[PDB]
Amino acid sequence: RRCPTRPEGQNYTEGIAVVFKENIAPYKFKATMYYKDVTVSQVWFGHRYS
Amino acid sequence: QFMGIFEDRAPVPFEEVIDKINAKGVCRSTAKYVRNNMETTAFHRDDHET
């Protein structure tokens with residue numbers, strides 16, 4: 001009987017790759033906060049205590 | 001100068017939610033509510049109820 005031989009075989013293209021995934025990290029940068037704590041305190045001065 | 005700003009959130013009573021906000025679409029200008037075990041009412045603009 002005429003039986004088949006080995007299959008053709010996969011043809012592979014050698015190369016280089018870079019794999020990117022979805023970006024989930026927030027964009028980060030340096031900021032500066034300028035503000036003023038304004039604290040106004042009302043004190044009642046008793047006989048022996050405040 | 002500001003000597004102090006007391007900011008509070010008061011609930012809207014049932015009789016104001018149903019009869020005023022839901023029926024007429026308006027809200028009272030006075031807040032009557034229980035805070036710190038006391039009945040307190042605040043009038044907007046220190047004026048009459050509207």
# chains A, B, ... in the order shown; residues from 1 in each chain; ligands from 1
$ interface_residues --of "chain A" --to "chain B" --cutoff "12 Å" --atoms "only C-alpha atoms" --output "mmCIF file with N, CA, C and O atoms, in the first residue's frame"
data_model
loop_
_atom_site.group_PDB
_atom_site.id
_atom_site.type_symbol
_atom_site.label_atom_id
_atom_site.label_comp_id
_atom_site.auth_asym_id
_atom_site.auth_seq_id
_atom_site.Cartn_x
_atom_site.Cartn_y
_atom_site.Cartn_z
ATOM 1 N N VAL A 38 -5.365 79.200 58.948
ATOM 2 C CA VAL A 38 -5.885 80.298 59.736
ATOM 3 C C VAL A 38 -6.692 79.680 60.869
ATOM 4 O O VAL A 38 -7.748 79.083 60.644
ATOM 5 N N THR A 39 -6.186 79.808 62.085
ATOM 6 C CA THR A 39 -6.812 79.237 63.265
ATOM 7 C C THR A 39 -7.191 80.381 64.187
ATOM 8 O O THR A 39 -6.321 81.063 64.725
ATOM 9 N N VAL A 40 -8.486 80.607 64.360
ATOM 10 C CA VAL A 40 -8.983 81.602 65.297
ATOM 11 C C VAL A 40 -9.665 80.865 66.439
ATOM 12 O O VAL A 40 -10.595 80.089 66.225
ATOM 13 N N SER A 41 -9.180 81.095 67.651
ATOM 14 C CA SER A 41 -9.620 80.369 68.831
ATOM 15 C C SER A 41 -10.295 81.333 69.788
ATOM 16 O O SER A 41 -9.757 82.402 70.076
ATOM 17 N N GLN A 42 -11.480 80.957 70.264
ATOM 18 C CA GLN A 42 -12.210 81.721 71.254
ATOM 19 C C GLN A 42 -12.029 81.047 72.607
ATOM 20 O O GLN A 42 -12.424 79.897 72.787
ATOM 21 N N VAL A 43 -11.435 81.769 73.551
ATOM 22 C CA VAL A 43 -11.123 81.247 74.872
ATOM 23 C C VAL A 43 -11.915 82.040 75.900
ATOM 24 O O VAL A 43 -11.926 83.272 75.861
#
$ select_by_dssp --residues "chain B" --states "strand (DSSP E)" --output "short mmCIF file (atom, residue, chain, number, x, y, z; two decimals) with N, CA, C and O atoms, in the first residue's frame"
data_model
loop_
_atom_site.label_atom_id
_atom_site.label_comp_id
_atom_site.auth_asym_id
_atom_site.auth_seq_id
_atom_site.Cartn_x
_atom_site.Cartn_y
_atom_site.Cartn_z
N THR B 30 -36.56 77.51 56.23
CA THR B 30 -36.20 77.35 57.63
C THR B 30 -35.92 75.88 57.88
O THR B 30 -36.64 75.01 57.39
N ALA B 31 -34.86 75.60 58.65
CA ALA B 31 -34.49 74.25 59.01
C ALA B 31 -34.78 74.04 60.49
O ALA B 31 -34.11 74.62 61.35
N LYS B 32 -35.78 73.22 60.79
CA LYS B 32 -36.13 72.84 62.15
C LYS B 32 -35.78 71.37 62.35
O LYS B 32 -36.32 70.51 61.66
N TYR B 33 -34.88 71.09 63.29
CA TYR B 33 -34.38 69.74 63.45
C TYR B 33 -33.80 69.57 64.84
O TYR B 33 -33.54 70.54 65.55
N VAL B 34 -33.59 68.31 65.22
CA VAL B 34 -33.04 67.97 66.52
C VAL B 34 -31.55 67.74 66.38
O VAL B 34 -31.12 66.89 65.60
N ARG B 35 -30.76 68.50 67.13
CA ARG B 35 -29.31 68.36 67.16
C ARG B 35 -28.85 68.45 68.60
O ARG B 35 -29.32 69.32 69.34
N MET B 38 -31.45 68.81 71.28
CA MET B 38 -32.17 70.07 71.40
C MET B 38 -32.80 70.42 70.06
O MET B 38 -32.22 70.15 69.01
N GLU B 39 -33.99 71.01 70.11
CA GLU B 39 -34.70 71.44 68.92
C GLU B 39 -34.14 72.79 68.47
O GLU B 39 -34.32 73.79 69.16
N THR B 40 -33.48 72.81 67.31
CA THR B 40 -32.90 74.02 66.76
C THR B 40 -33.53 74.34 65.41
O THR B 40 -33.76 73.45 64.59
N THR B 41 -33.83 75.62 65.20
CA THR B 41 -34.32 76.10 63.93
C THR B 41 -33.44 77.24 63.44
O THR B 41 -33.06 78.12 64.21
N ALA B 42 -33.08 77.19 62.15
CA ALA B 42 -32.28 78.19 61.49
C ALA B 42 -33.11 78.81 60.38
O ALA B 42 -33.69 78.09 59.56
N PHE B 43 -33.16 80.14 60.34
CA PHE B 43 -33.88 80.87 59.31
C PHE B 43 -32.89 81.37 58.27
O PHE B 43 -31.88 81.99 58.62
#
$ atom_distance --atom1 "atom CA of residue B:17" --atom2 "atom CA of residue B:36"
22.8 Å
$ atom_distance --atom1 "atom CA of residue A:36" --atom2 "atom CA of residue A:50"
26.6 Å
